[PDB]
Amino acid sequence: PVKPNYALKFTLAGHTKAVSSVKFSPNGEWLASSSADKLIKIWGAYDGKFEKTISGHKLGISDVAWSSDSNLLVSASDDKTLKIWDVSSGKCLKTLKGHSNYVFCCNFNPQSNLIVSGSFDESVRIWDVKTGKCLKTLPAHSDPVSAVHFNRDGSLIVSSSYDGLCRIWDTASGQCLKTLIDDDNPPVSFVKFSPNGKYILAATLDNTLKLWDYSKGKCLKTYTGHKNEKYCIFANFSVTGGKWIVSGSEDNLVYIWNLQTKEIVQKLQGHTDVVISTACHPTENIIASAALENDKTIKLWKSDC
(Lines of atoms letter the chains of each structure in order from A and count residues from 1; the text may use other names and numbers.)
(Lines give C-alpha, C1' and ligand atoms only; values in the text may rest on other atoms or scores of the structure.)
Protein backbone atom coordinates (compact mmCIF):
# COMPACT_ATOMS: atom_id res chain seq x y z
CA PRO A 1 0.00 0.00 0.00
CA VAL A 2 1.22 3.52 -0.74
CA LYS A 3 -1.48 5.54 1.05
CA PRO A 4 -4.51 4.65 3.19
CA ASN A 5 -8.03 5.97 2.59
CA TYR A 6 -9.38 6.39 6.12
CA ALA A 7 -12.91 7.76 6.00
CA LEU A 8 -15.14 8.82 8.88
CA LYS A 9 -17.70 6.12 9.73
CA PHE A 10 -19.02 7.00 13.21
CA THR A 11 -19.01 9.87 15.70
CA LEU A 12 -19.46 8.90 19.33
CA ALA A 13 -21.12 11.56 21.50
CA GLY A 14 -21.74 11.22 25.22
CA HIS A 15 -18.93 12.56 27.38
CA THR A 16 -19.80 15.97 28.82
CA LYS A 17 -16.19 17.22 29.12
CA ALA A 18 -12.94 16.67 27.20
CA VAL A 19 -12.16 13.07 26.24
CA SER A 20 -8.70 12.15 27.58
CA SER A 21 -7.93 8.70 26.12
CA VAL A 22 -9.40 6.01 23.85
CA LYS A 23 -8.15 2.39 23.65
CA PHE A 24 -9.30 -0.68 21.69
CA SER A 25 -9.75 -3.93 23.61
CA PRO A 26 -7.17 -6.58 22.59
CA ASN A 27 -9.93 -8.86 21.29
CA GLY A 28 -11.07 -6.10 18.90
CA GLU A 29 -14.65 -5.92 20.18
CA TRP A 30 -14.68 -2.70 22.20
CA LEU A 31 -13.38 0.84 22.54
CA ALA A 32 -12.92 2.32 26.01
CA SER A 33 -12.83 6.08 26.59
CA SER A 34 -11.96 8.17 29.64
CA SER A 35 -12.86 11.80 30.20
CA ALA A 36 -12.45 14.85 32.41
CA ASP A 37 -16.16 14.23 33.23
CA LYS A 38 -14.98 11.42 35.64
CA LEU A 39 -16.50 8.65 33.51
CA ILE A 40 -15.37 5.67 31.48
CA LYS A 41 -17.51 4.73 28.48
CA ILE A 42 -17.54 1.49 26.48
CA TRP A 43 -18.41 1.53 22.77
CA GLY A 44 -18.65 -1.06 20.00
CA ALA A 45 -15.41 -0.99 18.02
CA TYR A 46 -17.02 -1.77 14.65
CA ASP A 47 -20.35 0.13 14.83
CA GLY A 48 -19.70 2.91 17.36
CA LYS A 49 -22.66 1.67 19.37
CA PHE A 50 -22.70 2.98 22.92
CA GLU A 51 -22.50 0.09 25.38
CA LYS A 52 -22.18 1.28 28.98
CA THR A 53 -20.84 3.87 31.40
CA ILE A 54 -18.45 2.93 34.23
CA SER A 55 -18.37 5.41 37.11
CA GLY A 56 -16.69 5.78 40.50
CA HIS A 57 -13.70 8.11 40.32
CA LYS A 58 -14.20 11.32 42.28
CA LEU A 59 -12.34 13.54 39.78
CA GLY A 60 -11.46 13.50 36.08
CA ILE A 61 -9.75 10.54 34.41
CA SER A 62 -6.60 10.94 32.26
CA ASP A 63 -6.07 7.40 30.93
CA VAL A 64 -7.45 3.86 30.68
CA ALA A 65 -5.89 0.57 29.59
CA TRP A 66 -7.15 -2.97 28.90
CA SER A 67 -5.95 -6.26 30.31
CA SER A 68 -4.69 -8.77 27.77
CA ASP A 69 -7.83 -10.94 27.95
CA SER A 70 -10.02 -7.82 27.41
CA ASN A 71 -11.89 -8.50 30.70
CA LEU A 72 -10.38 -5.77 32.91
CA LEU A 73 -9.74 -2.05 32.60
CA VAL A 74 -7.48 0.17 34.69
CA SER A 75 -8.11 3.92 34.94
CA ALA A 76 -5.83 6.75 36.13
CA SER A 77 -7.51 9.69 37.85
CA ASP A 78 -6.96 13.16 39.27
CA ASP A 79 -8.30 11.72 42.57
CA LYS A 80 -4.75 10.27 42.93
CA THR A 81 -5.91 6.66 42.51
CA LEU A 82 -6.05 4.05 39.84
CA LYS A 83 -9.06 1.73 39.71
CA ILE A 84 -9.27 -1.81 38.32
CA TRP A 85 -12.66 -2.58 36.77
CA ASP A 86 -14.41 -5.76 35.69
CA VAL A 87 -15.84 -4.49 32.41
CA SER A 88 -18.76 -6.85 31.96
CA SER A 89 -20.16 -6.27 35.48
CA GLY A 90 -18.96 -2.69 35.93
CA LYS A 91 -17.62 -3.46 39.42
CA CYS A 92 -14.56 -1.71 40.79
CA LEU A 93 -12.36 -4.63 41.83
CA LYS A 94 -9.51 -2.60 43.37
CA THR A 95 -8.53 0.97 44.14
CA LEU A 96 -4.76 1.50 43.88
CA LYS A 97 -3.55 4.05 46.42
CA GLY A 98 -0.09 5.52 46.82
CA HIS A 99 0.44 8.42 44.41
CA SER A 100 0.38 11.87 46.00
CA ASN A 101 -0.78 13.82 42.94
CA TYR A 102 -2.82 13.19 39.77
CA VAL A 103 -2.27 9.81 38.13
CA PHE A 104 -1.71 10.61 34.47
CA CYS A 105 -0.89 7.38 32.56
CA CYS A 106 -1.25 3.62 33.01
CA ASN A 107 -0.78 0.24 31.32
CA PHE A 108 -1.00 -3.48 32.03
CA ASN A 109 1.96 -5.70 31.26
CA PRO A 110 1.34 -8.39 28.61
CA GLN A 111 0.78 -11.10 31.25
CA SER A 112 -1.56 -8.56 32.95
CA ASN A 113 -0.49 -9.44 36.47
CA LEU A 114 1.14 -5.99 36.78
CA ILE A 115 0.03 -2.41 36.19
CA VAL A 116 2.46 0.48 35.65
CA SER A 117 1.45 4.09 36.34
CA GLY A 118 2.96 7.55 36.03
CA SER A 119 1.92 10.56 38.05
CA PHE A 120 2.23 14.31 38.49
CA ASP A 121 4.10 13.35 41.69
CA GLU A 122 7.02 12.55 39.33
CA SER A 123 7.14 8.82 40.23
CA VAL A 124 6.38 5.61 38.37
CA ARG A 125 4.68 2.85 40.36
CA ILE A 126 4.42 -0.87 39.68
CA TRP A 127 1.31 -2.53 41.11
CA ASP A 128 0.16 -6.09 41.64
CA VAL A 129 -3.18 -6.58 39.89
CA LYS A 130 -4.34 -9.44 42.13
CA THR A 131 -3.80 -7.68 45.47
CA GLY A 132 -3.92 -4.03 44.49
CA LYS A 133 -0.72 -3.40 46.44
CA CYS A 134 2.11 -1.20 45.20
CA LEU A 135 5.18 -3.34 44.57
CA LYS A 136 7.73 -0.65 43.64
CA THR A 137 7.95 3.14 43.55
CA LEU A 138 10.51 4.40 41.02
CA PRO A 139 12.07 7.90 41.57
CA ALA A 140 11.65 8.20 37.88
CA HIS A 141 11.59 11.88 36.95
CA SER A 142 11.80 15.48 38.21
CA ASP A 143 8.62 16.63 36.42
CA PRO A 144 5.23 14.99 35.74
CA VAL A 145 5.37 11.60 34.02
CA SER A 146 3.74 11.78 30.58
CA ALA A 147 3.78 8.09 29.56
CA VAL A 148 4.55 4.56 30.84
CA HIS A 149 4.57 1.40 28.71
CA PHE A 150 5.72 -2.23 28.97
CA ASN A 151 7.63 -3.92 26.18
CA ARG A 152 6.33 -7.04 24.45
CA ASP A 153 7.50 -9.53 27.10
CA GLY A 154 6.95 -7.23 30.09
CA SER A 155 10.64 -7.29 31.12
CA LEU A 156 11.08 -3.54 30.45
CA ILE A 157 9.15 -0.33 31.18
CA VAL A 158 9.73 2.91 29.26
CA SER A 159 8.78 6.27 30.81
CA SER A 160 8.79 9.87 29.58
CA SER A 161 8.49 13.22 31.31
CA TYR A 162 8.37 16.99 30.91
CA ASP A 163 11.84 16.87 32.46
CA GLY A 164 13.11 16.04 28.93
CA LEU A 165 14.10 12.46 29.79
CA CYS A 166 13.07 9.07 28.49
CA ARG A 167 14.06 6.23 30.82
CA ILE A 168 14.11 2.44 30.47
CA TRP A 169 13.47 0.40 33.62
CA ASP A 170 13.99 -3.26 34.56
CA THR A 171 10.51 -4.45 35.57
CA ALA A 172 11.88 -7.08 37.96
CA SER A 173 14.43 -5.01 39.90
CA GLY A 174 13.09 -1.50 39.39
CA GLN A 175 16.60 -0.35 38.37
CA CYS A 176 17.05 2.42 35.78
CA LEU A 177 18.82 0.81 32.83
CA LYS A 178 19.05 3.77 30.45
CA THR A 179 18.45 7.52 30.35
CA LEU A 180 17.89 8.96 26.87
CA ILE A 181 18.14 12.65 25.97
CA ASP A 182 17.65 14.77 22.85
CA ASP A 183 19.14 18.08 21.73
CA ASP A 184 17.80 21.15 23.60
CA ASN A 185 15.85 18.90 26.08
CA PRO A 186 12.27 19.56 24.90
CA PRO A 187 9.64 18.05 27.19
CA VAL A 188 8.96 14.44 26.23
CA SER A 189 5.18 14.29 25.86
CA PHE A 190 4.67 10.63 24.92
CA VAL A 191 6.59 7.39 24.48
CA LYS A 192 5.80 3.76 23.73
CA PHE A 193 7.58 0.62 22.53
CA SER A 194 7.22 -0.61 18.96
CA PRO A 195 5.18 -3.83 18.61
CA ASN A 196 8.37 -5.83 18.00
CA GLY A 197 9.85 -4.20 21.11
CA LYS A 198 13.05 -3.01 19.44
CA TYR A 199 12.18 0.70 19.03
CA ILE A 200 10.83 3.68 20.96
CA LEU A 201 8.39 6.15 19.42
CA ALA A 202 8.78 9.45 21.28
CA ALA A 203 6.97 12.77 20.99
CA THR A 204 8.56 16.04 22.07
CA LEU A 205 6.82 19.40 22.46
CA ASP A 206 8.71 20.84 19.48
CA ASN A 207 6.17 19.54 16.93
CA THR A 208 8.27 16.39 16.42
CA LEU A 209 7.90 12.61 16.68
CA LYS A 210 10.93 10.32 16.50
CA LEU A 211 11.51 6.58 16.16
CA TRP A 212 14.52 5.63 18.27
CA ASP A 213 16.63 2.51 18.60
CA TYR A 214 16.96 2.79 22.37
CA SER A 215 19.66 0.09 22.65
CA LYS A 216 22.08 2.00 20.41
CA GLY A 217 20.59 5.38 21.35
CA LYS A 218 20.17 6.27 17.68
CA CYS A 219 17.31 8.25 16.16
CA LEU A 220 16.10 6.35 13.09
CA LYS A 221 13.14 8.40 11.81
CA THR A 222 11.69 11.88 12.32
CA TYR A 223 8.04 12.77 11.62
CA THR A 224 6.86 16.39 11.39
CA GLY A 225 4.10 18.51 9.87
CA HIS A 226 1.70 18.33 12.82
CA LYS A 227 1.29 20.79 15.68
CA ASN A 228 2.41 19.59 19.11
CA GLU A 229 3.75 22.29 21.44
CA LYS A 230 1.37 22.19 24.39
CA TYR A 231 -0.29 18.80 25.03
CA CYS A 232 0.71 15.19 25.60
CA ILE A 233 -0.79 13.44 22.57
CA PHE A 234 -0.97 9.67 22.05
CA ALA A 235 0.82 8.24 19.01
CA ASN A 236 0.59 4.76 17.51
CA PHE A 237 2.13 2.18 15.23
CA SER A 238 -0.48 1.11 12.68
CA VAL A 239 0.30 -2.44 11.55
CA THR A 240 -2.90 -4.09 10.26
CA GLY A 241 -2.38 -2.79 6.71
CA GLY A 242 0.31 -0.36 5.64
CA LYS A 243 2.94 0.38 8.28
CA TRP A 244 2.04 3.89 9.46
CA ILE A 245 2.65 6.22 12.36
CA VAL A 246 -0.54 7.86 13.67
CA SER A 247 -0.87 10.91 15.92
CA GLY A 248 -3.32 13.54 17.07
CA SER A 249 -2.41 17.19 16.62
CA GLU A 250 -3.22 20.61 18.04
CA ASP A 251 -4.63 21.76 14.67
CA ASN A 252 -7.64 19.41 15.18
CA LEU A 253 -6.44 16.80 12.64
CA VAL A 254 -5.30 13.18 12.75
CA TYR A 255 -1.92 12.78 11.02
CA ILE A 256 -0.79 9.54 9.35
CA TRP A 257 2.81 9.08 8.14
CA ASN A 258 4.55 6.39 6.16
CA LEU A 259 6.84 4.84 8.79
CA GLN A 260 9.84 4.26 6.49
CA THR A 261 9.66 7.33 4.22
CA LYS A 262 8.34 9.80 6.86
CA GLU A 263 5.95 11.39 4.36
CA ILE A 264 2.48 12.40 5.52
CA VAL A 265 0.12 10.03 3.72
CA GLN A 266 -3.19 11.33 5.09
CA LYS A 267 -4.75 13.96 7.36
CA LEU A 268 -8.19 13.21 8.80
CA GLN A 269 -10.43 16.27 9.18
CA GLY A 270 -13.56 16.39 11.33
CA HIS A 271 -12.68 17.27 14.90
CA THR A 272 -13.25 20.82 16.15
CA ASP A 273 -10.66 20.84 18.97
CA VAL A 274 -7.24 19.33 19.70
CA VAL A 275 -7.05 15.63 18.84
CA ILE A 276 -5.54 14.44 22.11
CA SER A 277 -5.72 10.67 21.58
CA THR A 278 -5.67 8.19 18.72
CA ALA A 279 -5.75 4.40 18.78
CA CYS A 280 -5.36 1.66 16.16
CA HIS A 281 -7.58 -1.43 16.03
CA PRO A 282 -5.67 -4.70 16.61
CA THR A 283 -6.82 -6.57 13.48
CA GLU A 284 -8.81 -4.19 11.23
CA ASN A 285 -7.75 -0.91 9.59
CA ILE A 286 -9.76 1.18 12.05
CA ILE A 287 -8.57 4.32 13.87
CA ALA A 288 -10.25 5.90 16.87
CA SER A 289 -9.64 9.57 17.72
CA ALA A 290 -10.83 11.82 20.55
CA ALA A 291 -10.75 15.58 21.12
CA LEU A 292 -10.68 18.16 23.89
CA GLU A 293 -13.39 20.20 25.58
CA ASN A 294 -14.77 22.26 22.67
CA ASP A 295 -15.50 19.01 20.76
CA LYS A 296 -15.79 16.09 23.26
CA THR A 297 -16.55 13.50 20.55
CA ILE A 298 -14.83 10.29 19.53
CA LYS A 299 -14.56 9.33 15.86
CA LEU A 300 -14.05 5.94 14.16
CA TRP A 301 -12.33 5.98 10.75
CA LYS A 302 -11.99 2.99 8.43
CA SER A 303 -9.57 2.33 5.58
CA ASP A 304 -9.28 -0.40 2.99
CA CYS A 305 -5.52 -0.70 3.60
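Think of the rigid core as the biggest set of C-alphas that the two forms share within 1.5 Å after superposition. Don't overthink the numbering: it's just position in the shown sequence, from 1.
Novice: Comparing against the shown form in 7 other deposited structures of this protein, which stretch has the larger RMS C-alpha deviation after a rigid core superposition, 159-167 or 210-218?
Specialist: After the core superposition, the stretch with higher RMS deviation in 7 other deposited structures of this protein is 210-218.
Novice: On average, are the C-alpha B-factors higher in 146-154 or in 129-137?
Specialist: The deposited B-factors put 129-137 ahead on the C-alpha mean.
Novice: Comparing 80-88 with 210-218, which has the greater mean CA B-factor as deposited?
Specialist: In the deposited entry, the stretch with the higher C-alpha B-factor mean is 210-218.
Novice: Please work out which residue in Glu51, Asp63, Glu250, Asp69 has the highest C-alpha B-factor recorded for this crystal structure.
Specialist: So the option with the highest C-alpha B-factor is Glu51.
Novice: Name the residue from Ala32, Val275, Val265, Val246 with the greatest C-alpha temperature factor listed in the entry.
Specialist: In this record, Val265 carries the highest C-alpha B-factor of the candidates.
Novice: Sorting the chain's modelled residues by C-alpha B-factor, tell me whether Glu122 ends up in the lowest, middle or highest third.
Specialist: For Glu122, whose C-alpha B-factor we compare with every modelled residue in the chain, the answer is the lowest third.
Novice: Of the three thirds of its chain by CA temperature factor, lowest, middle or highest, which one includes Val191?
Specialist: Ranked within chain, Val191 CA B lands in the lowest tercile.
Novice: By its CA B factor, does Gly241 count among the lowest, middle or highest third of the modelled residues in the chain?
Specialist: According to the entry, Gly241 has a C-alpha B-factor in the chain's highest third.
Novice: Where does the C-alpha B-factor of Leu165 rank in its chain, lowest, middle or highest third?
Specialist: Middle third of the chain for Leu165's C-alpha B-factor.
Novice: Please rank the C-alpha B-factors of the chain's modelled residues and tell me whether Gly44 sits in the lowest, middle or highest third.
Specialist: Top third by C-alpha B-factor.
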